[PDB]
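Peer 1: Chains A, B and C, in that order, give the protein sequences.
Take the first sequence: its letters are residues 28 to 532, numbered as in the UniProt record's numbering.
Take the second sequence: its letters are residues 475 to 532, numbered as in the UniProt record's numbering.
Take the third sequence: its letters are residues 80 to 158, numbered as in the UniProt record's numbering.
In this text, a Cβ means the ideal position worked out from N, Cα and C, and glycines have one as well.
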Amino acid sequence: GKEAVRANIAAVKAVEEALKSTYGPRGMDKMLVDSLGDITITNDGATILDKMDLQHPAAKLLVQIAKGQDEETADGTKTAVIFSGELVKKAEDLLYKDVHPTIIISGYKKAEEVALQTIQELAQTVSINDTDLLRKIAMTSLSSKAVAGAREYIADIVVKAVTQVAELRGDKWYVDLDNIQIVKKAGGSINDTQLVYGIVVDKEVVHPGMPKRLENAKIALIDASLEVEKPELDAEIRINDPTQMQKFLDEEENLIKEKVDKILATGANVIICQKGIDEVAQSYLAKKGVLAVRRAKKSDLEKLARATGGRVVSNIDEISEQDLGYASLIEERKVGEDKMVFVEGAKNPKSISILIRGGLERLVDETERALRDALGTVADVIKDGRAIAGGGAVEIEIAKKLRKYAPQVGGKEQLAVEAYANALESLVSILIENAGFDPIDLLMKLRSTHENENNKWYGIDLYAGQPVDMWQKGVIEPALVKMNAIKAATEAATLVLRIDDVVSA
Amino acid sequence: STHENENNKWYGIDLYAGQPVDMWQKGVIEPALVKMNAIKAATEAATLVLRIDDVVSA
Amino acid sequence: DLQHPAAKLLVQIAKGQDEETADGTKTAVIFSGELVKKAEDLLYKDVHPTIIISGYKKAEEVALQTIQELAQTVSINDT
Ligand SMILES: Nc1ncnc2c1ncn2[C@@H]1O[C@H](COP(=O)(O)OP(=O)(O)OP(=O)(O)O)[C@@H](O)[C@H]1O
Ligand SMILES: Nc1ncnc2c1ncn2[C@@H]1O[C@H](COP(=O)(O)OP(=O)(O)OP(=O)(O)O)[C@@H](O)[C@H]1O
Ligand SMILES: [Mg+2]
Ligand SMILES: [Mg+2]
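1) Residue 95 (chain C): beta carbon under 7 Å from a heavy atom of ligand 4?
2) Could you tell me the boundaries of the beta strand (DSSP E) in which residue 212 (chain A) lies?
3) Does the Cβ of residue 299 (chain A) lie closer than 7 Å to at least one heavy atom of ligand 2?
4) Looking at residue 103 (chain A) and ligand 3, is the gap between the Cβ and the nearest heavy atom below 7 Å?
5) Which residue spans inside the stretch 120-208 of chain A form an unbroken beta strand (DSSP E) run of at least 3?
6) Closer than 8 Å, Cβ to Cβ, to anything on chain C: give me those residues from the stretch 154-166 of chain A, in chain order.
7) Is the beta carbon of residue 504 (chain A) within less than 7 Å of some heavy atom of ligand 1?
8) What does residue 60 (chain A) reach in chain B if we use C-beta pairs closer than 9 Å?
9) Over the uninterrupted beta strand (DSSP E) stretch that includes residue 248 (chain A), give me the two end residues.
10) List the whole-angstrom C-beta distance separating residue 164 (chain A) from residue 408 (chain A), where the pair is believed to meet the contact cut-off of C-beta under 8 Å.
11) What residues from chain A crowd round residue 526 (chain B), counting only those whose CB sits closer than 9 Å?
12) For ligand 2, is there a heavy atom less than 7 Å away from the beta-carbon of residue 507 (chain B)?
13) May I ask which residues mark the beginning and end of the alpha helix (DSSP H) holding residue 414 (chain A)?
14) Does the beta-carbon distance from residue 192 (chain A) to residue 397 (chain A) come in below 8 Å?
15) Would you call residue 275 (chain A) buried or exposed, if buried means 16 or more other Cβ atoms sit within 10 Å of its Cβ?
16) Determine which residues share a DSSP beta bridge with residue 385 (chain A) and list them.
17) Please go through the stretch 450-531 of chain A and give each complete beta strand (DSSP E) segment of 3 or more residues, from N-terminal end onward.
18) Taking the C-alpha atoms as reference points, what is the distance between residue 503 (chain A) and residue 421 (chain A)?
19) Step through the CB atoms of chain B and report whether any lies within less than 8 Å of the CB of residue 48 (chain A).
20) For the beta strand (DSSP E) containing residue 319 (chain A), list its first residue and its last residue.
21) Which residues of chain A have a Cβ atom closer than 9 Å to the Cβ of residue 130 (chain C), listed in chain order?
22) Using a Cβ cut-off of 8 Å, which residues of the stretch 480-493 of chain B contact any Cβ in chain F, in chain order?
23) I need the boundaries of the alpha helix (DSSP H) containing residue 424 (chain A), first residue and last residue.
24) Buried or exposed: which applies to residue 310 (chain A), given that a residue is buried once 16 or more other Cβ atoms fall within 10 Å of its Cβ?
25) Which two residues bound the contiguous beta strand (DSSP E) that contains residue 298 (chain A)?
26) Once DSSP output is grouped into helix, strand and coil, what is the label at residue 264 (chain A)?
27) Residues of chain C with a CB under 8 Å from the CB of residue 476 (chain B): which are they?
28) Quick one: does the C-beta of residue 488 (chain B) sit closer than 7 Å to a heavy atom of ligand 2?
29) Can you say whether residue 506 (chain B) is buried or exposed, counting buried as having 16 or more other CB atoms within 10 angstroms of its CB?
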């Protein structure tokens, strides 16, 4: 009976009330204070559920199906929880009316069916030629981010960045996002961001008298040191005579000139490593006419290997012409007071990098977050091909469409369907609420102007406050993220109904 | 009232005389950037407090 | 010594300055809390914070430009 079922529903209603004010734009941020007293203002759905201790089994089970994703995007997480907890909310009112859950499941399952298929016979075909569209869909992701510093600048980048990487695979475009590096240098201006055609290494060339820009680079990616190593690294030496000393530390220093001659044996003109270059070896490279980089991050040597077609060499006695990385031109370039190596004209044409400049020290990170996400949304639309209008449009229709279905479904199962439709309008009602307008007024002004096909892309513009076309204001979203979120969400909702008892050991 | 005309823009308040006067023409002049970064500082904080809905703690 | 999150957050935005000499630091705190104070009086009339933020923002604008289109040019030879 009532026994355990309340506790589950209650636990869920609780989580809903924790995120409610933060759904869509105009959302009212939450403050999170750590155990050592450190403060975080945010609206990240995920963290707020993860970072919490939920006593109840029920909540964690619901957030487990809601939060997650098995694809390379992280969008739909606030809608997934909320629509789910509203569906749980709306189901209680049927248990009050004395409708068994076996009926509510069959009703909602049948409603969900039609509700799913109404995104299929409505989604719009978006391909690679619609680059004037990805610009919009992109901005639609960045616009509710914290930073308002030149987002058009960044929105344009995300398009160029995904369309460059786009490869025709199995007669359909695919995008392997890993072909994009992100480097950030705080300050200057956000307007100074640009896209680099090639991998970018954040360290300098070890002597400025080497070539500024070197022609037809035969790079040598060297993992092993090019500096002497210690005979006293763990503990002190056992030599007693300095003549014996000498001949040790002498032959080990001729071992680096040996390594340098083994690398130039290959015809290398530039050389990058992740360990040192001895000062007698900088001097050795200066006299030969070679361009050397000392202690660069191996994390970007890896990324520079499969971009220039070279190999990250762990033994200087194994380097071959085969292993030298090729690039049309390598140079060192200055950014304020810092200098990085850039390697344009690399053999892999898909491998590119983004250089962020501007903002404050923590804001620049969030600009990187936003860009990760923005590349995501655009890539995932491309990978799919389908995209619907945001702003509650496709939602309001699945409600209207469900309500027309309701009569025909049967007795009690009509009320299930009619509830499902009501839970879906409640979503847009929360969104309207959080804008500071009346949910009923606007819900009705819209759901009457949505009966004819002429108004398919009508939603509610969260700053105007009256029904308009969101498609023609750039507010579009991935048709499949908002499709797997609903499937996920209903699964969870009805799982909360499935529980007759909880037995704890 | 004595600042209604545009000619009396540099009017402020005499802190010893105690009467509205033109401070430019009395030697009390100040860096124009300080009373500008103050305003940006203050509104950021202001608008940010209003942005907090509720508090969670460890 | 403040443990209230909001106060610690406030003092951080107000006190700190990214330039060598620091002035306006008393002004910064009073005007901030006053902007917060005078906003309370609108909340009391049931007005929602998203309006008050956008209201103030549009005002911050006018307020900023009103210092620019008015300052007098001082140089190395105005000793
Ligand atoms: N300017 C706008 N006017 C109207 N609706 C908007 C606007 N911008 C976005 N929306 C709608 O707001 C809805 C909810 O936004 P949000 O993206 O915050 O929910 P979410 O996708 O579940 O959260 P997250 O993106 O963090 O996972 C979106 O699905 C979108 O259609
Ligand atoms: N005799 C005076 N007549 C008019 N105003 C005066 C006079 N002396 C001081 N002032 C005004 O006093 C104001 C406030 O000074 P104060 O420096 O204490 O504020 P603050 O700059 O916020 O504090 P701090 O400099 O420590 O950060 C100045 O902006 C200045 O114009
Ligand atoms: Mg989203
Ligand atoms: Mg002062």
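Peer 2: In brief:
1) no
2) Looking at the DSSP string, the run of the beta strand (DSSP E) that includes residue 212 (chain A) is 207-213.
3) no
4) Under cutoff, so the answer is yes.
5) 194-196 and 199-201
6) none
7) In this structure, ligand 1 has a non-hydrogen atom nearer than 7 Å to the beta-carbon of residue 504 (chain A).
8) 529, 530, 531 and 532
9) 240-249
10) 6 Å
11) 55, 56, 57, 58 and 68
12) no
13) Per DSSP, residue 414 (chain A) belongs to no alpha helix (DSSP H); it is in the beta strand (DSSP E), 413-416.
14) For residue 192 (chain A) and residue 397 (chain A), no; Cβs fall outside 8 Å.
15) exposed
16) A:213 and A:214
17) 485-487, 494-496 and 503-505
18) 11 Å
19) yes
20) Looking at the DSSP string, the run of the beta strand (DSSP E) that includes residue 319 (chain A) is 318-320.
21) Residues of chain A whose Cβ lies closer than 9 Å to the Cβ of residue 130 (chain C) are, in chain order, 463.
22) Checking the listed chains, one finds no chain F in this structure; the protein chains it contains are A, B and C.
23) 420-436
24) exposed
25) 297-300
26) coil
27) What residue 476 (chain B) touches in chain C: nothing, since even the nearest Cβ is about 18 Å away.
28) yes
29) exposed
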